[PDB]
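So the sequence lines, in the order shown, correspond to chains B and A. The deposited numbering puts the first sequence at residues -1, 158 to 247. Add 159 to the 1-based position in the second sequence for the deposited numbering, that's all there is to it. One structure below.
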Amino acid sequence: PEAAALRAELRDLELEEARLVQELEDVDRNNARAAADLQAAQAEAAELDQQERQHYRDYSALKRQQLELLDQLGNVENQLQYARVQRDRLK
Amino acid sequence: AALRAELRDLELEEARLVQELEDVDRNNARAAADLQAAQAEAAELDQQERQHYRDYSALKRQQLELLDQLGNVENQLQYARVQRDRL
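Written as structure tokens, this is what we have:
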């Protein structure tokens, strides 16, 4: 009967562990799925990053283009102001 | 009066540079727009990655708490098996 209580505890105990195994399997499933979604999102973000960098680069190139045009303008304006002074003296 | 010819040339030169500048600026505006759109998208994606990650971490904590309970049960089962076996 000692082994009588035992046999009962084992029964309830093995049931507990099976219930716990069931819960673990649900949680592990949802965990793996969350990791997959994560990885999918990271891959999307990388591809995007690639495109974003390209955009940044294009914009930056255009920017250097404008600054070069601005410098030229200022070189011309320097010459222009000189010639303007020279014209004004004639008067 | 070579000054007048110089003046005409320089002024026209400036007109040409101004035009070019206007065109480049319109291209620049478009480029800025595209860049900002891409950045905004990246922010959304970042937010969604974060959601997934936090789900994952949470799920993970759950798993560990469950594992601790299982370890406990396991220990009871072994103790009750050692008693058992001893007849």
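Cβ atoms here follow ideal geometry from the backbone N, Cα and C, with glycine treated the same way.
Quick one: give me the first and last residue of the alpha helix (DSSP H) that residue i is part of.
i	result
B:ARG245	158 to 245
To the nearest whole angstrom, what separates the beta carbons of residue i and residue j, a pair I think is in contact under 8 Å?
i	j	result
A:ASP193	B:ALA190	No, A:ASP193 and B:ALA190 are not in contact; Cβ-Cβ is about 33 Å, not under 8 Å.
B:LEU180	A:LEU225	5 Å
B:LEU166	A:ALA239	5 Å
A:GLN222	B:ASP184	6 Å
A:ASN187	B:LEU218	5 Å
A:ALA199	B:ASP205	That belief does not hold up - the Cβ atoms of A:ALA199 and B:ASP205 are roughly 14 Å apart, past 8 Å.
B:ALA159	A:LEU236	B:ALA159 to A:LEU236, Cβ: 15 Å. No contact.
B:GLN207	A:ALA197	6 Å
task = Determine contact between the stretch 163 to 177 of chain B and the stretch 203 to 211 of chain A, defined as no fewer than three beta-carbon pairs at a distance below 8 Å.
result = Contact between the stretch 163 to 177 of chain B and the stretch 203 to 211 of chain A is absent: fewer than 3 CB-CB pairs across the two stretches fall below 8 Å.
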